[PDB]
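Q: take these chains first, placed just as they are in the complex:
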Amino acid sequence: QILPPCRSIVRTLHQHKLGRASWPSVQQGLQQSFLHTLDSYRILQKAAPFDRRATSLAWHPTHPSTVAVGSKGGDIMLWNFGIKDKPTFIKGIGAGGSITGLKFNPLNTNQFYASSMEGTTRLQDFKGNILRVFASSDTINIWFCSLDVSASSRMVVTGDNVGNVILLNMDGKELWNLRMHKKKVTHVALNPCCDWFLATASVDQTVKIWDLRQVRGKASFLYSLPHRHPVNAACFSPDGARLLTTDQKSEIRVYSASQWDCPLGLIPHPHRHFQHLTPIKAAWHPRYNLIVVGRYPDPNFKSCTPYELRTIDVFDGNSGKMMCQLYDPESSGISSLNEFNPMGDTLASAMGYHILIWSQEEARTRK
């Protein structure tokens, strides 16, 4: 395979110590170094099963080794590494209560937000106590699909199966529930560097950029970006300037700050949507300009590589092409969800009925 990297590494660091070379060149060199050491994540560290399929994933923001996960049957799990304290569990109905959105609480880490097929955007503890419901369908067969949160703004946002989005405060205060789309809202997210423009994606083959404080007039939006197929995810950058989008058939798109309408590059990659599989969500890496996605081969997709395996692919953002591929037998499932740690030293993967941890090996000999 490819993975060639080269450079005059330490020199640049000293160049940075002299002021000659600019910081983005440093960021590029250490991005390459990060890829080189990610070539040693090949040894899969840990595996974890449980009951009904995995649907949503989330990282403990402050802690590297802690992670939370939510199932197809409303079964939530909280798991920490190097603890061995037999991780924490909570069950649900198990049939039609699929948790589908899951973000940690920025305030109380022993709390968590959740969006469920039951029709209940809730705030609940890992010990089982429901602290507070935020919204409700009040009529079954109409449920939520999307959820996200912001701490700098102290806001909650959630999306439906019909095309209307809801926006609440941390203490209630609902001033929202206007309709935005014609179909289900697959993903949604707020800017981390801003507080008052939003992004939402839907089955309508359109992804919309809103201004949550200015617009109130039922599709008096700010921007609307089209696509050729429906969209499973539209995720913001940490920096805030790059919006990543991933469709259902075969595509990834990078939109910029600079003219949201036009895209900067198209990254073709197979992640074909499917009914009983968990929907695929590309994701950023929090401290570089990389992209990470899970692959799902299609015999009809125009493959550039002659070898098409199920594996975790890692591309470069501002170029378009690939830079690394992680693969491990005994894990021949399809990695629906993949998310790097906010810390930057660990990767979590959610496959059907399985959760995988990929971190570096070392510790050749103890003393």
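A: That came through, no problem. Numbering: from 1, shown residues only, chains lettered A, B, ... in the order given.

Q: what ranges do the helices span in chain A?
A: A:9-18, A:23-38 (DSSP state H).

Q: any chance of these in a markdown table, plus mean neighbour count and distance to residue A:101?
A: For the C-beta atoms, the positions are set from N, CA and C on the backbone; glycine is no exception. Output for the helices of chain A, formatted as a markdown table (neighbours: other Cβ atoms under 10 Å; distance: least, Cβ to Cβ, whole Å):
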| stretch | mean neighbour count | distance to residue A:101 |
| --- | --- | --- |
| helix A:9-18 | 12 | 41 |
| helix A:23-38 | 15 | 28 |
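
Q: of all the ones you listed, which lies closest to residue A:132?
A: helix A:23-38 (40.0 Å; Cβ to Cβ).

Q: related to what we said a few turns ago, relative to residue A:158, which of the helices of chain A is closest?
A: Comparing those by Cβ to Cβ, helix A:23-38 comes nearest, at 33.9 Å.

Q: quick one, what contacts the nearest residue to residue A:13 once chain neighbours are set aside?
A: Using Cβ to Cβ, 6 or more residues apart in numbering and skipping the chain neighbours, the partner closest in space to residue A:13 is residue A:26 (7.4 Å). By Cβ atoms under 8 Å, 6 or more residues apart in numbering, the contact list for residue A:26 reads A:12-13, A:16.

Q: got it, and residue A:69?
A: Counting by Cβ under 8 Å, 6+ apart, residue A:69 has contacts A:54, A:56-58, A:76-79, A:102, A:350, A:355.

Q: what sits closest to it if chain neighbours are left out?
A: Residue A:69 sits nearest to residue A:77 (Cβ to Cβ, 6+ apart), 5.1 Å away.

Q: hang on, isn't that neighbour packed against residue A:87?
A: Yes: using Cβ atoms under 8 Å, residue A:77 is in contact with residue A:87, at 6.3 Å.

Q: out of the two, which sits in the busier spot?
A: The residue with more neighbours, out of residue A:77 and residue A:87, is residue A:77; 20 against 17, by other Cβ atoms under 10 Å.

Q: wait, doesn't residue A:196 sit right on residue A:209?
A: No: with contacts counted by Cβ under 8 Å, residue A:196 stays clear of residue A:209, the gap being 11.8 Å.

Q: the two: which is more packed in?
A: residue A:209 (19 against 14).

Q: what are the boundaries of the strands in the stretch 1-150 of chain A?
A: Taking DSSP state E, counting those that start in this stretch to define them, one finds strands in the stretch 1-150 of chain A at A:46-49, A:54-59, A:66-71, A:76-80, A:88-90, A:99-101, A:111-116, A:122-125, A:130-133, A:144-150.

Q: what do you get for the stretch 151-300 of chain A?
A: Under DSSP E, counting those that start in this stretch, the stretch 151-300 of chain A gives strands at A:155-160, A:165-169, A:185-190, A:198-202, A:206-210, A:223-226, A:231-236, A:242-247, A:252-256, A:263-266, A:283-284, A:290-294.

Q: so what's the residue nearest to residue A:65 when sequence neighbours are not counted up against?
A: Leaving aside its chain neighbours, residue A:65 sits nearest to residue A:81 (3.8 Å; criterion: Cβ to Cβ, 6+ apart). Taking Cβ under 8 Å, 6+ apart, we find residue A:81 in contact with A:46, A:65-66, A:357.

Q: okay, chain B goes in next:
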Amino acid sequence: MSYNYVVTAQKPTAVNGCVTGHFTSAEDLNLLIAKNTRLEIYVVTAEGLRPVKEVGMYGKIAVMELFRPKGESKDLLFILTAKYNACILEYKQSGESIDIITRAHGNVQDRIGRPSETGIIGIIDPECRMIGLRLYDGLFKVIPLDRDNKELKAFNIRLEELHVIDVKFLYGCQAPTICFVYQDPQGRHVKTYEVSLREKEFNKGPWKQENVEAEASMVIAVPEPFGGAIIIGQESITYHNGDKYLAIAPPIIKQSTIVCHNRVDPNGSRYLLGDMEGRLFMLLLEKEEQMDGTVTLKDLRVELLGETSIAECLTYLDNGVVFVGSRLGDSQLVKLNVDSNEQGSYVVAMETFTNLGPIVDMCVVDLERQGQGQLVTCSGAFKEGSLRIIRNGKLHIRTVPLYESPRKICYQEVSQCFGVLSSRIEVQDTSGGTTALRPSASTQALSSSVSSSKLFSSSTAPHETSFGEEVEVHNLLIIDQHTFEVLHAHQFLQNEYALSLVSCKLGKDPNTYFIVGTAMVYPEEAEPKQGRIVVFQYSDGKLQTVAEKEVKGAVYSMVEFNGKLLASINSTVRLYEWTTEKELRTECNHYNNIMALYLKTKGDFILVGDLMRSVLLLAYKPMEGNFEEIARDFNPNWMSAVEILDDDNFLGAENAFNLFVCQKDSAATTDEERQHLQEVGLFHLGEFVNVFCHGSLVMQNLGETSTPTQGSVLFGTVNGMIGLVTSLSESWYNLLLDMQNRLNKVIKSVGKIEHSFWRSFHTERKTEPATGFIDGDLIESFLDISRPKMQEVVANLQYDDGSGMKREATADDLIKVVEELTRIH
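A: Chain B goes in next, on the same frame as the chains above:
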């Protein structure tokens, strides 16, 4: 719970930018000089430079250009900071009062955007129709210069060209027009656009895009009567103007890249050019007449004028005099003569101005008197490289030129000498290896000893070298502390870079050794796979190799630890014992780091600073003979230096010019929670800190209990700034913070920048107000304002004088406090 005080001990000396113009009056020729946060204004005279005014700004100066709007009698000044504070300033003088007036100010930040690789570029059209800023890739920000635009409101124009290298406004255009060089997969090209303010858009430029040299890198806008643009590359110089196209490829310039330019003649007939080796050329434009009275370019020639300091910037003054502003070496005033000297140079130096930056390493030693600390820094780069010795009595500076790049310094009292790691550049010879471009310390020693090490000469696949590759040669120099003569130079192995240096004793062995950590550097390797720790003994005027340890990585850092050797090697931290057989033997290893670049120690505890995982606190457990992970800072920070303030307080500096302080979580109720360091201090310093070291240059008041500050750690920067960090009690912190807020209400900020904004922690991930840090510069600025302003500052201020109850402060109370504070540095 950690409260610290940071103050400037020596302001930055490197010059980042310089411009000339008519700022103080229409008849005066002024020189304005930017030294990061400082702006100096001089009047240019026949003999040299007269200082007229020096001001500080609350920002890193990134752009500085003079301009004169219609109806104005003298130049205005545009300044942009690194945090994107823009301002237009005008000089106003009456009597002995000098004021910097703010004509306009505003923040030009976008809500989102990635700063560009070649950084912020800012240019102003010669007819003052608009200011243009290249801040972010893919965007061109335009500030229309309307009389009403005192807030510097701007609009963005899309740039199809996403990777702009340089851009200028052209002269002689009926509509504002930019010309810029850009890169795409097809190569590099030069293109123009007209800028329509009316349409708030680009229009097609007056002349078509042209292909340029693959390494075309700079654009010069030529004044009337020529108009057009000059494109400077590494091997060629081209001129474009409409249907006119002229290129030259003089081989002489190919040896070194031209990196700066400045117009000599108002009509563009002559330019100065400076390269990375300090060579200075003249570029001359010979005119050709035309029947219609226009003037065109007939030919281009380059002439070598001589040698200067490696120039960041040049400004021609008058009468053959040039100011050479340097960041890597001394600045200069030079004279250009019409006739050359015996060696063929037309340049004669008139005056040299000290620049201490970059400070790559430093130590404090009592060179002359007990209790009288002096700072010894590694300063400079390539032929400008030097050591600098700084002692009080404002400051006395001795300069020791080395003519090559210093990297590390240590003091070895038992040998009465310093050890200094250095590197020099060599280029390929006619038939053999490589040859140096000039003499330097490592080639002028009384004696020298090549590294004949055969530690891994056997069973080590040698890597080829392509004919044409230049090489860096690294050396350990031993330099006498009294005469500063180069007593010895030890050359390291081929492709071996020396990174770290310490002088210490180890184990039970009474000898003192020089210990060096290295990396084997090969061009195709993403990270080093080979390195050495080498233990040398200096005796009988030479270094004898006592011991070596081969490791599979770069030895970034080493520190003496209780008679043992602590070393960081790529992603590992390792503790070695010094055996009876004078060998290094591994005692223990810690692995849970990405890259451990910086170490400091106190007692049996070890603070590890990582490149990207910023800091971790380990304790060596002497009763277990291994390491224990105590706690980590789980917030990411890209480190440049670290320091231990005390057993409970850890100081860090990062690449985005911020400082932070970490403490153990006092309110932690679990081992897991105890393992989380809390970032309790944050401060935007605005400098890139390479090194902290414990010590002080102020005379020690032996038995000076009851002072406002405790401890003294100095730090050195790229710009040649030296700062001091010391510790404060809570009550002093609260008093000084109140003083800061009151000062911030009274002090006129150049460009009307708020101090809180300036000092706010800022990276591309997060922006937060400063905490836990007092701005000593701000406190000291109390002393230069008038007495009535002082009285305003302390009105209705509660102050505890000595030991007692709080009462109202008078100006004299705080004068005394601040005066006492000035003596800590």
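
Q: now that chain B has been added, could you go back to the contacts of residue A:26?
A: Each residue near residue A:26 by Cβ atoms under 8 Å, 6 or more residues apart in numbering or on different chains is listed here: A:12-13, A:16, B:655.

Q: please repeat the previous calculation with a cut-off of 10 Å.
A: Residue A:26 makes contacts with A:12-13, A:15-16, B:638, B:655, as judged by Cβ atoms under 10 Å, 6 or more residues apart in numbering or on different chains.

Q: then residue B:63?
A: Per Cβ under 10 Å, 6+ apart, neighbours of residue B:63: B:17, B:34, B:78-81, B:86, B:119-124, B:131, B:133.

Q: ok, residue B:582 next?
A: So residue B:582 contacts B:506-507, B:509, B:511, B:513, B:535, B:537, B:546-547 (Cβ under 10 Å, 6+ apart).

Q: out of the residues you listed, the closest to chain A would be?
A: residue B:507 (18.2 Å; Cβ to the nearest Cβ).

Q: so the closest one sits in a strand?
A: No: using DSSP: H, G, I helix; E, B strand; the rest coil, the assignment for residue B:507 is coil, not a strand.

Q: tally of neighbours for it?
A: Here the count is done by other Cβ atoms under 10 Å in any protein chain shown, and residue B:507 has 14 residues near it.

Q: do the same with residue A:97
A: For residue A:97, using other Cβ under 10 Å, the count is 21.

Q: count of residues packed around the nearest residue to it once chain neighbours are set aside?
A: Sequence neighbours aside, residue A:74 is the residue nearest to residue A:97 in space, at 3.6 Å (criterion: Cβ to Cβ, 6 or more residues apart in numbering or on different chains). Residue A:74: 24 surrounding residues under other Cβ under 10 Å.

Q: which neighbouring elements make contact with the host helix or strand of residue B:156?
A: Element membership for residue B:156, per DSSP states H and E: strand B:155-158. Applying 3 or more Cβ pairs under 10 Å, 6 or more residues apart in numbering or on different chains; DSSP states H and E, one finds that strand B:155-158 contacts strand B:139-144, strand B:187-196, strand B:201-204.

Q: measure how the second one sits relative to strand B:139-144, angle-wise.
A: Put simply, strand B:187-196 runs at 30 degrees to strand B:139-144, going by axes from the mean of the first three to the mean of the last three Cα atoms, to 10 degrees.

Q: strand partners (parallel or antiparallel) of strand B:187-196?
A: Strand B:187-196 has the following sheet partners, assigned by DSSP bridges: strand B:177-184 (antiparallel), strand B:201-204 (antiparallel), strand B:210-211 (antiparallel).

Q: buried sites along the top helix by length along chain B?
A: For chain B, the helix reaching the highest residue count under DSSP H is reported as helix B:730-746. By 16 or more other Cβ atoms under 10 Å in any protein chain shown, the buried positions in helix B:730-746 come out as B:732-733, B:735-737, B:739-740, B:742-743.

Q: is the following helix or strand past it positioned near chain A?
A: For helix B:730-746, the following helix or strand on the C-terminal side (DSSP H and E) is helix B:755-759. No: against chain A, helix B:755-759 shows no contacts by Cβ under 10 Å from any Cβ of the partner chain, the least distance being 16.3 Å.

Q: give me the helices and strands touching helix B:755-759, please.
A: strand B:676-684, helix B:730-746, strand B:773-775.

Q: which other helices and strands contact the last one?
A: With contacts taken as 3+ Cβ pairs under 10 Å, 6+ apart, strand B:773-775 sits against strand B:3-10, strand B:658-664, strand B:676-684, strand B:722-728, helix B:730-746, helix B:755-759.
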